Amino acid sequence: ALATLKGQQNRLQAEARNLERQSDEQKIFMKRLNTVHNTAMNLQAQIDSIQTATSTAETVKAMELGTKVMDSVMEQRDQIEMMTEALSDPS
Amino acid sequence: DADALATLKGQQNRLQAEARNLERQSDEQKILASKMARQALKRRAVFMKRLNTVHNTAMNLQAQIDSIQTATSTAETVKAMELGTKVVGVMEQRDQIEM
Amino acid sequence: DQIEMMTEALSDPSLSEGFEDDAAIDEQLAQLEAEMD
Amino acid sequence: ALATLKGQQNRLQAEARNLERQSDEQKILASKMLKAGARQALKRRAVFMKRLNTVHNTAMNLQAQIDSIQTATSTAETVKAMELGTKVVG
Amino acid sequence: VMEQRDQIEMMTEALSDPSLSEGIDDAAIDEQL
Amino acid sequence: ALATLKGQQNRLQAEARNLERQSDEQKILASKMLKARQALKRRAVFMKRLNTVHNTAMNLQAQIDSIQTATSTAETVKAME
Amino acid sequence: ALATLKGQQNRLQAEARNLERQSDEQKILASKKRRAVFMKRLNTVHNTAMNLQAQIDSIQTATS
């Protein structure tokens, strides 16, 4: 489906080039060319968005699989610090 | 998890390539507007906002992966650190004698 | 849907950049100008 | 644990080095622009400066933590020796 | 998932105490100057 | 334990040497720039650290001296009394 | 034990001599308060040495 979507966008480009050639001939269709280009651009945006979402989903799923004493030390250090400071104290 | 990291880095490089594109087309839109103009202005403004968005994604993801690494390292080390500290867990007489 | 809910849930700002002082940047502008001045 | 502390220190130092280097380039950038460009360069280098300041503080904290481990061993030895002093003087 | 982030944040705030460090004279600065 | 304490004492001495070295660097910076308050604050912080480590080393040395003296004096003033 | 105490007092006189050197260093630096403080420290070390010598004499008496 993705490959055929790319091919159909290429077909939209072909129709657009044919339509601009026809418009040049008529000057010597613009609405049709505009809508063909809009179709191509919308499908391009769709494929870009889906690719971005798929890559984001894959990487975030991998990272989500990846992600899937204080009291004693503080008290002893504080009291010992106080006592040793009192020791050093020559006041 | 290493695969997650590599995939995130690859997607980030994809974002960077997209930003390089965006700035390129911004260049061509500026040139096209000068050669012409309002439509080129529209498209270059869209390009500029897209560039800002991709830059924001880049910076946010870099900060996020940095947080990942810092938190992982700190959490891993602290467990053993606190296990170690858990395993770890005359004054008057001198004064009198000198005098 | 579920994809969007994953995005919103895993934003985790506390994990990632979760204040500014215009006065500091202004005084640093002035300092740079004085240096050049 | 010690090895991962050393590795985190090396990572933190490399991140710092990148930060102040970047800040130097952005300082040159702000100087060369010097008003809106000056604002932008100052904002960017200020983000880098804040990053560098938290990095400096974090390095201080981790070094203090390692020193705290060593001093914890030291005070364990000291309290052992001063228990020995307790018993002998008693 | 979320609980991991919350607990790492709690541990960081608990261990980020300046009490590990100094944690606490301009006149003396001026005198030495 | 005695060897551990001796190694810790040597480590503290090296720490003090580095602290006085960086304090000297900061103070010479301050002198050059006065030829200032910010560098004075920095060197003062480093000076607080240096004198702190000096106190630690002095206390540890006096501590090992005190334990050896405690053994010896226990013996002696026991003999006297 | 007598030898151990003699070595300890020798260490005390070593401390006292280094303190004397440091006091002279302070004198010469001044010539070119801290000296008084370090002289007090020297007095502490000297007093420790003197007490150690006195108890050494007491040991010599008692053991003999």
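Rules used in this analysis
Residues numbered from 1 in each chain as written, not as in the entry; some residues may be left out. Chains lettered and ligands numbered in written order. Part of a larger assembly, values for the part shown. Heavy atoms only, no water. Residues with missing side-chain atoms left out of burial classes, pairs and counts. Helix = DSSP H or I, 4+ residues; strand = E, 2+ residues; numbered from the N terminus. Rg over C-alpha atoms; globule rule 2.2 N^0.38 Å. Contact = heavy atoms within 4.5 Å. Nonpolar A, V, L, I, M, F, W, Y, C, P; charged D, E, K, R; others polar. Axes fitted to C-alpha atoms, helices over the stretch in contact; angles between N-to-C directions. Parallel < 35°, antiparallel > 145°, perpendicular 65-115°, else oblique. Left-handed = near helix turned anticlockwise from the far one by under 90°.

Looking at the entry header, you'll see cryo-EM listed as the method and 6.5 Å as the resolution.

Enquirer: Whenever I open this one, the overall build of chain F confuses me. Can you help?
Expert: Along chain F, the regular secondary structure elements total two helices and zero strands. Taking 12 Å as the expected radius of gyration for a compact globule of 81 residues, we find that chain F reaches 19 Å, considerably beyond that expectation. In terms of its C-alpha atoms, chain F occupies a principal-axis envelope of roughly 65 × 25 × 15 Å.

Enquirer: Which parts of the structure should I look at to understand the overall build of chain A?
Expert: Secondary structure assignment for chain A yields three helices and zero strands. Taking 2.2 N^0.38 as the reference for a compact globule, 91 residues should give roughly 12 Å; the C-alpha atoms of chain A span a radius of gyration of 35 Å, well beyond that estimate. Its C-alpha atoms give chain A principal-axis dimensions of roughly 105 × 35 × 15 Å.

Enquirer: Would you take a moment to explain the interface of chain A and chain B for this structure?
Expert: For interface size, the figure often reported is the accessible area lost on association. The interface is formed by five residues belonging to chain A together with five residues belonging to chain B. Residue composition of the side of chain A that touches chain B, by class: three nonpolar, two polar and no charged.

Enquirer: Just to check I follow, could you spell out the arrangement of the chains for this structure?
Expert: Ranking by contact count across five pairs of chains in contact places chains A and B at the top. Between chain C and chain F there is no contact, and the shortest C-alpha to C-alpha distance separating them is 15 Å.

Enquirer: Where do I start with the packing of helix α1 (residues 2-33) of chain D against helix α2 (residues 36-89) of chain D in this structure?
Expert: For any two helices packed against each other, the geometry comes down to the angle between their axes and how far apart the axes lie. Residues and elements named next belong to chain D. Following both chains from N to C, one finds α1 and α2 inclined at 165°, their axes separated by 9 Å at the closest point. The orientation of α1 with respect to α2, classified from their angle, is roughly antiparallel. When the axes of α1 and α2 are compared, the crossing they make is left-handed. In this structure, α1 contributes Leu19, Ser23, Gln26, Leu29, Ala30 and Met33 to the contact, and α2 contributes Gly37, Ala38, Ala41, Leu42, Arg45, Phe48 and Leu52. For the contact of α1 with α2, a count of residues per class yields nine nonpolar, three polar and one charged.

Enquirer: When you look at the packing of helix α1 (residues 2-35) of chain B against helix α2 (residues 38-88) of chain B in this model, what are you seeing that I'm missing?
Expert: All names here are of chain B. Remark: α1 packs on α2, axes separated minimally by 9 Å, with the N-to-C direction vectors making an angle of 160°. When the axis of α1 is compared with that of α2, the two are roughly antiparallel. As α1 runs across α2, the sense of the crossing is left-handed. Residues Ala19, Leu22, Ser26, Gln29, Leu32 and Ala33 of α1 form the contact with α2, whose participating residues are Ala40, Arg44, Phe47 and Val54. Here the contact of α1 with α2 is built from residues that sort into seven nonpolar, two polar and one charged.

Enquirer: So what exactly am I meant to see when it comes to unusual backbone geometry here?
Expert: What is expected of a backbone is that most residues other than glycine have negative phi and most peptide bonds are trans. Residue and element names in this part refer to chain C. Even without a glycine there, the phi angle at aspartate 12 is positive, about 35°. Assignment of secondary structure puts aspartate 12 in the loop between α1 (2-10) and α2 (22-36). The phi dihedral of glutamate 17 falls on the positive side, at around 35°, and the residue is not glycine. With respect to the element layout, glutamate 17 can be found in the loop between α1 and α2.

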